[PDB]
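Structure first, then comments.
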Amino acid sequence: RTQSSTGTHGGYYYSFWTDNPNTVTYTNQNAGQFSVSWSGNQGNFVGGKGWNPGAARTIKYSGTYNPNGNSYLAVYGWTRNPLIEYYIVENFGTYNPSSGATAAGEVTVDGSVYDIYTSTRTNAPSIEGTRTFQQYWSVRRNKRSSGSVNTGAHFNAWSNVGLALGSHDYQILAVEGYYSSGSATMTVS
């Protein structure tokens, strides 16, 4: 029992995925706004709004993030040629989502140091099906729930660690939860 909802709403790309539709409700709202509520400490979900294709852009986000347990708030996206999955993690709960990734330095931008990591996913699900691909992570030290993200600064930092990002696929400001509860409303511009 899985559910994936993607498209364009309010003039923005949106994406919402869950493996337990009964414990999470995603609401597409006006312009770049979305809400999510999750409850029952059951299921994995990721959802939010942004762009497809992504770019080196400034992502402004404003809202309220009220998690309880394992959850994060991140700019999240993909490239192809090469296939890359990336995360700019602005806030997280009781689990650091980069756990197990390899430390790869620091970038200071938008009012915080971010710790950089890289990792490899082997024979794993992706936007292209089962693939082996690289991940990049920037994890914000100064956790926050509103601000602006200079994605180009991160992309540049990652390009000084390993292979560079490819041609952009989707790019969203996402809320994720894993067997937890919470709610959030975010507006992306």
Side-chain angles (χ1 to χ4, degrees), residues 12-13 15 17 32 34 36 44-63 65 67 70-122 124-127 131-178 182 184 186-189:
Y12 289 85
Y13 180 76
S15 179
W17 172 90
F34 68 95
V36 61
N44 191 359
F45 77 87
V46 177
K49 264 187 176 174
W51 299 266
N52 189 10
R57 51 160 57 83
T58 300
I59 297 176
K60 298 164 171 58
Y61 68 99
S62 182
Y65 174 56
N70 195 170
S71 170
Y72 64 76
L73 178 66
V75 176
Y76 172 66
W78 292 82
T79 71
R80 304 178 72 182
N81 295 133
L83 185 61
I84 302 292
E85 184 182 31
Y86 67 82
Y87 306 79
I88 302 162
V89 179
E90 296 291 280
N91 207 336
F92 63 90
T94 49
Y95 298 73
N96 186 326
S98 69
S99 186
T102 306
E106 299 177 5
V107 57
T108 302
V109 67
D110 299 312
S112 188
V113 175
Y114 288 74
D115 295 297
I116 300 170
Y117 309 81
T118 195
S119 48
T120 304
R121 295 280 285 150
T122 302
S126 81
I127 59 165
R131 292 286 186 275
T132 297
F133 58 92
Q134 290 301 106
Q135 299 175 298
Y136 286 113
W137 308 80
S138 288
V139 181
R140 195 179 172 89
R141 292 190 184 163
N142 292 332
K143 292 177 180 184
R144 66 179 179 168
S145 294
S146 293
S148 293
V149 172
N150 181 343
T151 63
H154 294 278
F155 300 167
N156 179 248
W158 300 336
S159 81
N160 288 138
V161 171
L163 80 175
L165 269 57
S167 295
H168 284 279
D169 198 84
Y170 72 84
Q171 175 178 66
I172 60 174
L173 189 277
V175 175
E176 179 270 6
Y178 193 77
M186 288 289 159
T187 303
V188 188
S189 59

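Residue numbers count from 1 along this sequence. Just the heavy atoms: all of them, side chains too, but no hydrogens, waters or symmetry mates, feed the values below.
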Checklist entry - side chain to side chain contact (heavy atoms under 4.5 Å, CB included) between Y178 and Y95: does it pass, once the steps are laid out? => result CA-CA 10 Å; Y178 193 77; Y95 298 73; over 6 Å; no
Next on the checklist: Looking only at the side chains, is there a donor atom on one of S167 and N81 sitting less than 3.5 Å from an acceptor on the other?
Outcome noted: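 Short answer, no.
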Next on the checklist: Under a plain distance cut-off of 3.5 Å, with no hydrogens placed, do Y86 and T79 share a side-chain donor-acceptor pair?
Outcome noted: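 Looking only at side-chain atoms, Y86 and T79 do not form any donor-acceptor pair under 3.5 Å.
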If we ignore hydrogens and angles and just use 3.5 Å, is the side chain of [X] paired with the main-chain N or O of [Y] as donor and acceptor?
{"X": "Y12", "Y": "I172", "result": "no"}
{"X": "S146", "Y": "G63", "result": "yes"}
{"X": "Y61", "Y": "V149", "result": "no"}

Checklist entry - Just one of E90, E106, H154 clears the side chain to side chain donor-acceptor pair (under 3.5 Å) bar with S138, so which one? => result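 Considering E90, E106, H154, a side chain to side chain donor-acceptor pair (under 3.5 Å) with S138 is found only for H154.
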Atom pair [atom1]/[atom2] of [X] and [Y] - distance to nearest 0.5 Å:
{"X": "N96", "Y": "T94", "atom1": "CG", "atom2": "OG1", "value": "10.5 Å"}
{"X": "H168", "Y": "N52", "atom1": "NE2", "atom2": "CG", "value": "11.0 Å"}
{"X": "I84", "Y": "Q135", "atom1": "CD1", "atom2": "CD", "value": "9.5 Å"}
{"X": "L73", "Y": "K143", "atom1": "CG", "atom2": "NZ", "value": "11.5 Å"}
{"X": "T151", "Y": "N156", "atom1": "OG1", "atom2": "CG", "value": "11.0 Å"}
{"X": "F133", "Y": "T122", "atom1": "CZ", "atom2": "OG1", "value": "9.0 Å"}

Checklist entry - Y117 and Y87: aromatic ring centres closer than 6.0 Å? => result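 No, ring centres 6.0 Å or more apart.
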Item to check | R131 bridged to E85 by N-O distance under 4.0 Å | outcome: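 A salt bridge is absent here (no side-chain N lies under 4.0 Å from a carboxylate O).
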